[PDB]
Amino acid sequence: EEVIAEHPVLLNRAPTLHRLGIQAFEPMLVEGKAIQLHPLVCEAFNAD
Amino acid sequence: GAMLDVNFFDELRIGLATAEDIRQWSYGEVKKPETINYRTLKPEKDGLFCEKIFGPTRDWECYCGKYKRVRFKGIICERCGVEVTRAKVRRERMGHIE
Amino acid sequence: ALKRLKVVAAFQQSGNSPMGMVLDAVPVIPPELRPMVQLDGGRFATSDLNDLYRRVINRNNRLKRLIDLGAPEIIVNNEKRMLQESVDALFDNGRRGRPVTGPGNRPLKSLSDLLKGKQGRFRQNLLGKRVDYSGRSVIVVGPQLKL
Amino acid sequence: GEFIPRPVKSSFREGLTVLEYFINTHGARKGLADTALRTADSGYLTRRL
Amino acid sequence: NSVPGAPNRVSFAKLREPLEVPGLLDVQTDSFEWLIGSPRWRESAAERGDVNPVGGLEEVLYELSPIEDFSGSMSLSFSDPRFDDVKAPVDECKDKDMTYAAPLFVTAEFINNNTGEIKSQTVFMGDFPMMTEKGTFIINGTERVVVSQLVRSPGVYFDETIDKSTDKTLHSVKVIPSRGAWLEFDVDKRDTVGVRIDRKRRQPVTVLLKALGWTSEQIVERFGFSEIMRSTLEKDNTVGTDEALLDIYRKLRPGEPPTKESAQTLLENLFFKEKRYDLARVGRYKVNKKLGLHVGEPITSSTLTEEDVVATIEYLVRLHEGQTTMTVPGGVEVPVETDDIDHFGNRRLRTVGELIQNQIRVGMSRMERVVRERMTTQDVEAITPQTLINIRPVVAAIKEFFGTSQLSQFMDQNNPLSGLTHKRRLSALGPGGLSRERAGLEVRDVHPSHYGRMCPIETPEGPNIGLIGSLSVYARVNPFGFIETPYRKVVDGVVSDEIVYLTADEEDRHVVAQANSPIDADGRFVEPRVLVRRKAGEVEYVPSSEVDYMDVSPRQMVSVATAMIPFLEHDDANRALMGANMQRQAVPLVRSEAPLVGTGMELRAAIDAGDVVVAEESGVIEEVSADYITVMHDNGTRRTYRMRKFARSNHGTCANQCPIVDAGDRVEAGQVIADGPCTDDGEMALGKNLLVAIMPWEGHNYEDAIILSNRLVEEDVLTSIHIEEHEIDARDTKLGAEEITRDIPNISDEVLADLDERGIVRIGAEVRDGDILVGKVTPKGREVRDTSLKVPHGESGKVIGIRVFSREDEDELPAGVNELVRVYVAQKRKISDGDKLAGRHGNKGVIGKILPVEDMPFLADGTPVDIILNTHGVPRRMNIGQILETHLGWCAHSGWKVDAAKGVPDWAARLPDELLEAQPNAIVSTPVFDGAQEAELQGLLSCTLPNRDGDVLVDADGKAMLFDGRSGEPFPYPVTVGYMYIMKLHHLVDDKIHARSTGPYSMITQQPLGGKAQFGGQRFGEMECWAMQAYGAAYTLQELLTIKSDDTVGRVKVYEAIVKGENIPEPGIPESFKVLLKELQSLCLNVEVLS
Amino acid sequence: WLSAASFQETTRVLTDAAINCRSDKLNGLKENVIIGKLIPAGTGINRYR
DNA sequence: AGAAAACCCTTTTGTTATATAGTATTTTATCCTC
DNA sequence: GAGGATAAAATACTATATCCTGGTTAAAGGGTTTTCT
RNA sequence: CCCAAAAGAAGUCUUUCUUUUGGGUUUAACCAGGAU
Ligand SMILES: [Zn+2]
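Residue numbers (PDB author numbering), protein chains in the order written: chain A, 488 to 535; chain B, -1 to 96; chain C, 292 to 438; chain D, 829 to 877; chain E, 30 to 810, 830 to 1139; chain F, 1220 to 1268.
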């Protein structure tokens, strides 16, 4: 947890149609096996 | 220019190649359609994998076996004719068919 | 005349000579770029380039023998035709006539197929590459993270 | 592409009959087909641009 | 229903179906036993096609024999194919990797045409794979299925096209044979009726006609009624007949010395010989129908004839003339019209029998060439039939087909429904059919002739949409291969029960009514006007006096998978499709449960799919146990049924079977006696009934996500079992001495603890990633390499079964091995984030957050809801069906009682008897297209029993009042609650997650490999380097393409800098660039890097 | 010729470039991606580099 | 001494292609001119 | 009547998103050699 | 660059240093089936 602090990570989805398909977030640990995504960017990625 | 490589790139220049250049690139002549001998599982001689043309298959190890130590470097084998060097040279040397 | 002038001017301006069109020697790609894979059980799968080079070498040896041993012009001419076809298949398989097929009636990947389409070393191994420090997963929604 | 002059007369709450459902699938499928082919085509135009 | 021991599942159906659903696997089983000629098929063809019963092998042999030399001095013939008993039973063949087959023998007779010496022998023709009784072949231990193919039927096809330059209609005809050479007669601008013999250049038909022996007088005598024919006659430039043949030779076969004899021979051999032009039997029937030549004579002969060619030319010219009907001398008149190539009267179905017959045909052709050649290089009076037959090509062809093809596919065994739907599949792509990348939008549509022959809903969603479909419930394949459907015939407005099977053409000719029409209980329509289907698929109102046929019942258009969706007629086709493609991807759960609201089709699908055990004969149960069941038949005999316990399926799901009978019960023939993977008492059970609310909740179920309660984890309500298989073979090798030994060279004592004396993990030890399963050492060529098979990356779970095959035990091992130890590892996966639950109607989602059981919206009495769905997804996608289901689900759970105190209420007048009242947890069924109306649902919801105390939790609208468990206050407005049947799809997260820091690299180019297996690294594709360029970030792109992928020194230097805290070094150049330079130089291009 | 060769008609572009003996000055964004050097745009330009 | 099973080499009728859309270059066919 | 010039047709080449997993990877014939009877 | 084994030295009751040998591509191409 002390290593990843303030260490950006790139998230991408395919197809990457337009410029906003690749975005850099800050990672935080969660429980399980699924990447958690912010709901306000689903339109940019076009991800359901 | 720049021979092998490393960042002095300033221009790529393509062009037709003549027979003389083709015979310049090659380190030997392939004249036998044998890939590898099954029993020895080692390259044939004068074939499509000959070590004398394209280089040794193992790091600092000649085909005959007269040399297997690093200190021996650059000595063209006096018996088998394979140059003692690193195996990566098999990714660079080219042959030519006459 | 205008459509022709392009190539004549191109060969006129530069010091290069047209004799490069007709080959006298055929280069051979380094082995590591056409490796054979010895899958378990002696299943040595060979890259198509190996088979095409094998054909060319066989025909060249046969023609050399026939010339040295002495033969009528007709047989030598036919052997030269076969050599010409073998080289044509080596450089661009399927451009003229029936493709040289191998196991199970399939075409063989000559050299020119390594630099073409979405399988060549121009748009599948130079513009986009697999990378380290990476992963993938299924995404879910969390209305607790900030933006 | 021409309209069927029947036409459908029932709402999905009341439930369609058999024939009406058939003539509905008629036009329903081409939507998916065109979706696939157009999403295939768009990439070529983006690449050339 | 009619199954002796089926559960009592009450139905809302109003209509009655005269015809029971046929055997759902009958297509395959009855299309194969035709091939071998079993007595059952002989009996079936006796009551139908008794004129000429012949099996596929018999037909091939008769067409082949006799084989004669050019001189005709000797001949070889075959006859009477015969089959022996199978070598081993099904279970043993599956376990020991032995193909399921039987010997084949044939009687070969050799006759010398100058001595009269006849020599007969029985020659062995190889091992012929047979078919298990449930429709599947077994090959090399795996189970395979052969899919039927849709192809364009052979015959004559006419079509007209508009001309751009001149705006004239141009008609064209194609005579497409089976294994022949085409010939097209087409008209064009500058009207000129030409030919295209084979696929060569054009030429006037008059050339062909004269070549056939027609004088310039005869043609104008008969073809004297059109200007085009006379114009072509005027401009022919062909003299006599010989010049015609020579000209034909100059085009058919260029660059040859033309001569009359050879030209005539070649022309005759192309078409008029039963050697290179076979219209089969279907083709000849179709041609005779289209031109009406021989209506009476039986179809015996499959080559063209001059009369057919002249008839087709006349037909084409008349069609261009605009005629309406034509009369051919010696034949009845027919209509002249263009043809369509999607009408299911023109697309035929090559089933499993036909494909194997074709493969045997080509194998025998090769064997025939061999025998003909050998017939002239061996001295007479030493030749015996066994010394001329070479069997290898036939077995080679059969094996090639069954191992390598686009129609012999691995069975999909996610669950029984997947198999049942895979056997009844029709694929239009394969050898001899269109291709996935070369199909237009005119073949993927749904032609109006599909009604009742191919389901319009069930179809893949990807790029295959339209090329693959499923055979409907009632359809059958007639002898020629055209698909037929039943219709109940009406005589004088009286609906009889005479069922007649019709193909596409006959259905086109007549007028057909609808199944769910107002019958007045005496076979008479209530009102004169009723929807019908006319010739071209038009829907219109015709009075109830012209109707000629009616559908046997509704549902006739929906395949097996789509017939199991309740309230199908309320859902849009687009979502019913995703509902019918998401029942073939369930996963057999640890404990199964039958759905509360089904569609009456579960029982038949379960019993036919073959995954349940069915008592073969009536009797009384003697002893029952988890392993086997003993049935004591009525007359002495006794039978023992063995059960498959924890057997791996082709896609990694368990295949349990447990009995449902006790030691004293009596069973009846056809009764279900043991459940299967996804069955519950004989009914399909793909999922679970969960309590569901339809409110949006805190955004966790945002954009199709789902929320589960924790009760679905504690109590294993959704808990699957998966099984993985690991193999390793100790190859003999040229060096030899490979052995599966325990002692692992250069190994620790702890890591070797589990291994048994032989060197195989003890059954019952948890082999987590990084353990040993087998100890294998092979010579180095000690001089050995320890290829000790280890648990690959990401697996775990106990070891439930080992199987070791030994050469010393004289097993059938692969050539050049001694042992083939194989291990199984099994694991129980619970539900968790990332899974892909989905209902039936197409409401797919991925579990978003498994909340603890305390903070869930709970009803007034304390019951917590077990799932939450969004409201914003229902109305927009038009799958309202689910909401209706939800309501009905609740009515099924709570149990209702319509109060018939003073007359039945009007809304329940037509409700069937013994449905006015139901006990709690009562199962009901609503057939697909005749189900529970809205008024009936309102009535049921209006009256429902209290739960325990005198409280009703769901009011009339169907919405209850929920307490918010997280905060405490009640939600201001009522919410919908009910019971919905949801499944667990096979897209679990644990098979998807993957990461890589540093791992294996490729060999030709130094980039990392791809895929979760090896170690794999994600691909930074082409259009993910445009986004980086667009942002303006350059350093990140440079490092993503140089020091992370293929810069040989960059990788090690960055690793060292990172571990030692230094600043990352600079990049070099990529290896793939040098590979490109070498590839260019190999082409004689002098590429040089100037400076 | 590198960019054009990587775009379309690889054979024709390569052959005509070989005939004309064209020398490709390295400027653009596709060739600098190919040879693993900083793109001459964004952060890579001289003013900010 | 003859027969049967095991090496070493070679090499793979016209099939079946249900294609469109666009452009670019070679025939060839016919029309116009001298 | 013969030759040249222009439409026509006739062929030749080029292109038609992203990602993931599972099964196979040669046979067949001719010529030659060794062991068993 | 990395790992494995053998021997010697120091301390801890198990880590570091030195020497010898061995080593690293589960690669690859096809067909098929899926996902968004
Ligand atoms: Zn040496």
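All C-beta atoms in this analysis are idealised placements derived from N, C-alpha and C, irrespective of residue type, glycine included.
Cβ of residue i within 8 Å of Cβ of residue j?
i                      : j                       : result
residue 345 of chain E : residue 187 of chain E  : yes
residue 935 of chain E : residue 1026 of chain E : yes
residue 498 of chain A : residue 512 of chain A  : yes
residue 55 of chain B  : residue 42 of chain B   : no
residue 844 of chain D : residue 598 of chain E  : yes
residue 797 of chain E : residue 774 of chain E  : no
residue 714 of chain E : residue 588 of chain E  : no
Note down the Cα distance separating residue i from residue j, rounded to an integer number of angstroms.
i                      : j                      : result
residue 927 of chain E : residue 607 of chain E : 11 Å
residue 330 of chain E : residue 92 of chain E  : 11 Å
residue 6 of chain B   : residue 308 of chain C : 29 Å
residue 572 of chain E : residue 559 of chain E : 7 Å
residue 678 of chain E : residue 386 of chain C : 47 Å
residue 294 of chain E : residue 227 of chain E : 16 Å
residue 593 of chain E : residue 629 of chain E : 8 Å
residue 529 of chain E : residue 555 of chain E : 24 Å
residue 69 of chain B  : residue 75 of chain B  : 14 Å
residue 193 of chain E : residue 230 of chain E : 22 Å
residue 344 of chain C : residue 400 of chain E : 37 Å
residue 368 of chain C : residue 379 of chain C : 17 Å
How close, in whole Å, do the beta carbons of residue i and residue j come, if the pair is a contact with beta carbons under 8 Å?
i                      : j                       : result
residue 318 of chain C : residue 1132 of chain E : 7 Å
residue 518 of chain E : residue 578 of chain E  : 5 Å
residue 422 of chain C : residue 1093 of chain E : 5 Å
residue 64 of chain B  : residue 26 of chain B   : Not really, about 20 Å apart at Cβ, beyond 8 Å.
residue 89 of chain E  : residue 393 of chain E  : 6 Å
residue 126 of chain E : residue 170 of chain E  : 4 Å
residue 510 of chain E : residue 311 of chain E  : 6 Å
residue 418 of chain C : residue 411 of chain C  : Not confirmed; about 11 Å, so no contact.
Inset, instruction - For the region 424 to 443 of chain E and the region 379 to 392 of chain E, state whether three or more C-beta atom pairs, one from each stretch, are separated by less than 8 Å. - result: yes
Legend entry - Against chain E: residues of the region 30 to 64 of chain B by CB proximity under 8 Å: 36, 37 and 39
Inset, instruction - Count the C-beta pairs between the region 1055 to 1066 of chain E and the region 1100 to 1110 of chain E that are closer than 8 Å, then say yes if the count reaches three, no if not. - result: no
Legend entry - Under 7 Å (Cβ pairs) to chain C, residues found in the region 719 to 742 of chain E: 727, 728, 729, 731, 732 and 734
Inset, instruction - Check each residue of the region 1026 to 1055 of chain E: if its Cβ is closer than 9 Å to any Cβ of chain A, include it; give the result in chain order. - result: 1037, 1038, 1040 and 1041
Legend entry - Touching by the beta-carbon criterion (3+ pairs, under 8 Å), the region 286 to 306 of chain E and the region 202 to 213 of chain E: yes
Legend entry - Chain-ordered residues of the region 1086 to 1097 of chain E with a beta carbon less than 7 Å from chain C: 1088, 1089, 1092, 1093 and 1094
Legend entry - Selection of the region 377 to 397 of chain C by Cβ proximity to chain F, strictly under 8 Å: 383
Inset, instruction - Would you check if the region 194 to 209 of chain E and the region 462 to 470 of chain E touch, i.e. whether three or more CB-CB distances between them fall below 8 Å? - result: no
Legend entry - the region 425 to 432 of chain C / the region 1035 to 1046 of chain E touching (three or more Cβ pairs under 8 Å): yes
Inset, instruction - Could you name the residues of the region 1220 to 1244 of chain F whose beta carbon sits closer than 8 Å to any beta carbon of chain C, in the order they occur along the chain? - result: 1224, 1225, 1229, 1230, 1233, 1238, 1239 and 1240
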